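Just so it is clear: chains get the letters A, B, ... in the order the sequence lines come, proteins before strands, and each one is counted from 1. Atom set for the values below is all heavy atoms of this structure, side chains included, hydrogens, waters and symmetry mates excluded.
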Amino acid sequence: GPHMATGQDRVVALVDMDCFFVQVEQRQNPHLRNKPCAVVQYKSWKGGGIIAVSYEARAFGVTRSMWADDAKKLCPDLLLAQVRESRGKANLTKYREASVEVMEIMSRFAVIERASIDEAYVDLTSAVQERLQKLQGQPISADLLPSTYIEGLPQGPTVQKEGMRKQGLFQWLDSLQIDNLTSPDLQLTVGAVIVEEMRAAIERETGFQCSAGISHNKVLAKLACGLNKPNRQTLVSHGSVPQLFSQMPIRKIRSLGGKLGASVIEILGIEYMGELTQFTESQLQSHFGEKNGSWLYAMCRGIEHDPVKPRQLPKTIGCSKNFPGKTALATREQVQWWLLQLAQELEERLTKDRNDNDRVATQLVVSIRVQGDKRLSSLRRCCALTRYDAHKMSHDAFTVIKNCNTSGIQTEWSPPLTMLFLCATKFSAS
DNA sequence: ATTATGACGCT
DNA sequence: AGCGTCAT
Ligand SMILES: Nc1ncnc2c1ncn2[C@H]1C[C@H](O)[C@@H](COP(=O)(O)OP(=O)(O)OP(=O)(O)O)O1
Ligand SMILES: [Ca+2]
Ligand SMILES: [Mn+2]
């Protein structure tokens, strides 16, 4: 009852860029705007691999992970932009720099947590309190929420989408009690007003469109963001959760899309997030562990406590390359050349990071894959990173892996290497 | 031959 | 620490 926490203490948003790498390329090349188009890396094998897809191209069935040659079968007029290649490898600098553009704008409104190259969480609780005082019990006009969906509305007593959006928004606003400055529903609504402003700023100042979710925690904000993309934002209220979750496949919730989620389904014999409410906390802890069990117990009621962490910058800087099939590295000269290529990109990025962000990395992680292993990584070893020098880092990396070589001959490398990875970690202020 | 990342959990 | 899981 009255002591039952409802997880309505915070206002959290998740802002996620629409088809991000495609928009970056469309800004640069106007010929790609408002077209079926995709971003591809490499070229020789099956036309390259698609990693981002415009919404026009999605209508033809083009998806991420698809080979471009196959995408062209679905969409003959598909336009393609290629990821830059430097030092023999794909280089994602353009997209990292475009990410910084957006993150810095978001940071003007609130402290953000960078969750990926194209999305960040926002804790808007304090900003909402501030705006609520400015409003002075003034109702929120629908005009302040021009791209907002209210999940679950309209209900009860019609065929256009924009019309449906406004119907839902009007039902929501009509029910709002703006007299209570601690009403969670009102707080979410003001949160949505701020996120409209945030999204307008991003589009004005970068040219990039995005979607957003507004709710009381990160998992619901993330889920919300996806409901109406692209170029729209969605408010998921605490009250909307029972209906929303009653038909929501468990795999849709962030962190449940893999083995744990499959285990929840298998062990409990359920399909939807809402079905979790019928288990005790102890029951869930018994199957999935203390931490997961408590997290699931709360999550299926719309409650989550994970904080928005004040972190705008990545914690690591890494540079990775696969060497598939026949291209696997089978000579020491090969291995050394590619370690140097990776190290040179790493040095470049590290030097820029040090200048921009007043920090220095102190640990170098080296990872490889050997031909045969189905795991992402076969071996991961750390050594000290004491100088931002590519030849030193590549020599050090070679030192830490050189005994993985099964070959009795040391000119040759066996089993051939199908992946190399260098990562700088453990930053200190400088 | 679904690549290049990047965070956090376990023991 | 080195590995695994999940994610974008
Ligand atoms: N598996 C991947 N491999 C390489 N790059 C990826 C992968 N997934 C995502 N990216 C990159 C390209 C994306 O444009 C960018 C953001 O990813 P994501 O938010 O999942 O999709 P998206 O922004 O392209 O479309 P959406 O509008 O559906 O969000 O990160
Ligand atoms: Ca996105
Ligand atoms: Mn994203």
Side-chain angles (χ1 to χ4, degrees), chain A residues 14 16-21 39-53 63-71 82-96 99 113-121 218-219 222 225-226 229 251-263 288-292 295 306-307 309 311-328 342 345-346 349 361 363-369 371 373-384 400-401 404 418-427:
Chain A
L14 182 276
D16 178 274
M17 306 306 294
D18 299 333
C19 51
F20 184 47
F21 290 12
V39 173
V40 73
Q41 53 190 3
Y42 304 122
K43 181 121 315 167
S44 286
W45 188 264
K46 296 174 167 296
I50 291 180
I51 60 171
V53 186
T63 65
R64 172 173 297 134
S65 92
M66 194 169 276
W67 297 116
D69 287 348
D70 296 332
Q82 308 183 237
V83 175
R84 173 173 159 202
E85 282 171 57
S86 301
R87 310 181 193 80
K89 68 180 294 297
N91 187 297
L92 306 173
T93 296
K94 189 196 300 186
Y95 313 107
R96 290 194 183 95
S99 179
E113 177 179 346
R114 179 197 198 271
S116 81
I117 199 166
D118 87 324
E119 78 206 77
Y121 295 92
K218 291 200 290 185
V219 164
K222 179 56 176 183
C225 182
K229 46 174 222 191
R251 68 177 175 275
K252 300 306 184 170
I253 277 68
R254 179 191 192 274
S255 86
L256 300 182
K259 289 172 185 182
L260 174 60
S263 83
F288 311 114
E290 188 173 4
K291 167 167 149 289
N292 287 335
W295 183 87
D306 192 27
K309 298 167 184 51
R311 189 188 51 80
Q312 190 181 346
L313 304 170
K315 288 186 178 193
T316 58
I317 298 187
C319 315
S320 171
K321 184 164 179 47
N322 288 358
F323 302 93
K326 185 136 187 318
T327 71
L342 284 180
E345 178 184 330
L346 186 54
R349 284 163 59 191
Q363 183 177 78
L364 180 75
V365 176
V366 186
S367 184
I368 67 190
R369 189 178 182 195
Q371 193 174 70
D373 196 350
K374 140 176 180 129
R375 302 178 297 173
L376 164 142
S377 170
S378 297
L379 169 135
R380 152 152 26 203
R381 299 278 201 264
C382 71
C383 64
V400 313
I401 70 164
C404 184
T418 52
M419 183 273 292
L420 300 177
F421 170 81
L422 296 181
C423 188
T425 67
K426 298 193 181 313
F427 288 93

Start and end of chain A contact along DNA chain B [non-hydrogen atoms, under 4.0 Å]: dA1(B) to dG9(B)
Once you apply a heavy-atom cut-off of 4.0 Å, does [X] come out as touching a base, just sugar-phosphate, or nothing?
X: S116(A); value: sugar-phosphate
X: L92(A); value: sugar-phosphate
X: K46(A); value: nothing
X: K321(A); value: sugar-phosphate
X: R96(A); value: sugar-phosphate

Charged N-O contact under 4.0 Å between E345(A) and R349(A): yes
Using a strict 4.0 Å threshold on nitrogen-to-oxygen distance, state whether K218(A) and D306(A) make a salt bridge. yes
Between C423(A) and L346(A), the two heavy atoms sitting closest are N-CD2, 4.5 Å
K321(A) and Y42(A) have their tightest heavy-atom pair at NZ-OH, 3.1 Å
Side-chain donor-acceptor pair present, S116(A), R114(A), cut-off under 3.5 Å: no
Residues which pass side chain to side chain contact (heavy atoms under 4.5 Å, CB included) with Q363(A), listed by chain and number, not counting sequence neighbours: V365(A), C382(A), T425(A), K426(A)
Roughly how far, to the nearest 0.5 Å, is CH2 of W67(A) from CD1 of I50(A)? 10.0 Å
DNA chain B nearest-nucleotide lookup for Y42(A) and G325(A): closer to the 5′ end is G325(A)
Min and max contacting nt of DNA chain C in 5' to 3' order, chain A heavy atoms within under 4.0 angstrom, are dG2(C) to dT8(C)
